[PDB]
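To start, the structure itself, in structure tokens.
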Amino acid sequence: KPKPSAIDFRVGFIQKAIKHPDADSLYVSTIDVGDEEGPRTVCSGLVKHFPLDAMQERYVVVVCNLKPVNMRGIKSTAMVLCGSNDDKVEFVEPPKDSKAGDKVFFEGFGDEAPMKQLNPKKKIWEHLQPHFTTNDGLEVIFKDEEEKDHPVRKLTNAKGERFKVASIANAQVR
């Protein structure tokens, strides 16, 4: 069974973001995710949603173990987690005093190491993503319809804190 523990979620810090020189819809962010190898290069379709100043020196949640993607000629090695509806896109916001590299995980799905790289053929991310959302309190949650005893798991960290969006309840988080 696909489970959120397979996914490597972390807090990232966007050191710098620039326009993708060959793709108007994309920013290229340099994001510290606590790798011993330096920051990662991440391409995000956020240009129509946020200006450059909103990108700089921002703490984000990043998915870190998907296979890298060629995004208009630039290798993107992580993905910034956002909650969206039909009209609007919002960053998932780490809690106060988060640090780059902080492990982020859903309740009950934290005590196992993520896969080094997700097997694309298993589509773990794709199977799980319809169930990542936000509650009315704007906290990111995972809905586990099978587990009758624990149908909702909150996104959290080692301090048992919460990860929120600015305004969208029932958001599409991915």
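If you read the sequence shown in PDB author numbering, its first letter stands for residue 3, the second for the next number, and so on. C-beta atoms are modelled at their ideal positions from N, C-alpha and C, and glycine is treated no differently.
message: Between which residues of its own chain and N87 is the CB-CB distance below 6 angstroms, once the five residues before and five after are set aside?
response: Reading the sequence shown from its first residue, position 85 is the one you call residue 87. If we look at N87 and ignore the five residues flanking it on each side, its Cβ neighbours are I170.
- request: List the residues that DSSP assigns as beta-bridge partners of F52.
  value: Here residue 52 refers to the residue found at position 50 of the sequence shown. Answer is none; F52 lacks a bridge partner.
Backbone CA spacing between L157 and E95 [nearest angstrom]: Position 155 of the sequence shown, counting from 1, holds the residue named residue 157. Position 93 of the sequence shown, counting from 1, holds the residue named residue 95. Whole-angstrom Cα-Cα distance: 11 angstroms.
- request: Could you tell me the distance, in whole angstroms, from the CA atom of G103 to the CA atom of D37?
  value: As a working note, residue 103 is residue 101 in the sequence shown. As a working note, residue 37 is residue 35 in the sequence shown. So the two alpha carbons sit approximately 7 angstroms from each other.
field: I170 - containing alpha helix (DSSP H), residue span
entry: Along the sequence shown, one-based indexing puts residue 170 at 168. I170 -> no alpha helix (DSSP H), and no H or E assigned at all.
task: Indicate the three-state DSSP secondary structure (helix, strand or coil) for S7 in the structure shown.
output: For this step, residue 7 is matched to residue 5 along the sequence shown. Helix at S7.
query: Quick one: what does DSSP say residue 2 is sitting in, helix, strand or coil?
result: Nothing in the structure corresponds to residue 2, since the chain is present only between 3 and 176.
- request: Please classify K98: does DSSP put it in a helix, a strand, or coil?
  value: Here residue 98 refers to the residue found at position 96 when the sequence shown is read from its first residue. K98: coil per DSSP, three-state reduction.
query: Between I16 and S27, is the Cβ-Cβ spacing less than 8 angstroms?
result: Along the sequence shown, read from residue 1 onward, the residue named residue 16 stands at position 14. Along the sequence shown, read from residue 1 onward, the residue named residue 27 stands at position 25. The criterion of a C-beta distance shorter than 8 angstroms is not satisfied by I16 and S27.
field: the segment 137-146 contacting the segment 161-170, beta-carbon criterion three pairs below 8 angstroms
entry: yes
- prompt: What are the boundary residues of the beta strand (DSSP E) that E92 is part of?
  reply: Taking the sequence shown and counting its residues from 1, the one referred to as residue 92 is at position 90. From DSSP, the beta strand (DSSP E) with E92 extends over 91-93.
message: I'd like the list of long-range same chain contacts for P70, defined as Cβ closer than 8 angstroms, with 5 residues on each side in sequence excluded.
response: For the purposes of this step, residue 70 is taken as the residue at position 68 of the sequence shown. Once the five neighbours on either side are set aside, the close Cβ partners of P70 are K77, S78, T79.
- prompt: Span of the beta strand (DSSP E) holding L157?
  reply: To locate residue 157, count along the sequence shown from 1; it is residue 155. Unbroken beta strand (DSSP E) run through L157: 154-158.
query: Is the segment 108-128 close to the segment 3-11, with three or more CB pairs under 8 angstroms?
result: yes
task: Tell me, please, which residues DSSP counts as bridged to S78.
output: Walking along the sequence shown from the start, residue 78 turns up at place 76. DSSP lists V71 as partners of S78.
query: With a CB to CB cut of under 8 angstroms and the five nearest residues on each side skipped, what residues in its chain are close to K105?
result: Looking up residue 105 in the sequence shown gives position 103. Counting only Cβ-Cβ distances below 8 angstroms, and skipping sequence neighbours, we find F11, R12, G112, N159, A160.
task: Less than 8 angstroms between the CB atoms is what I'm expecting for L120 and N72, so what's the real figure, rounded?
output: Counting from 1 along the sequence shown, the entry for residue 120 is found at position 118. Counting from 1 along the sequence shown, the entry for residue 72 is found at position 70. Not a contact, Cβ separation roughly 17 angstroms.
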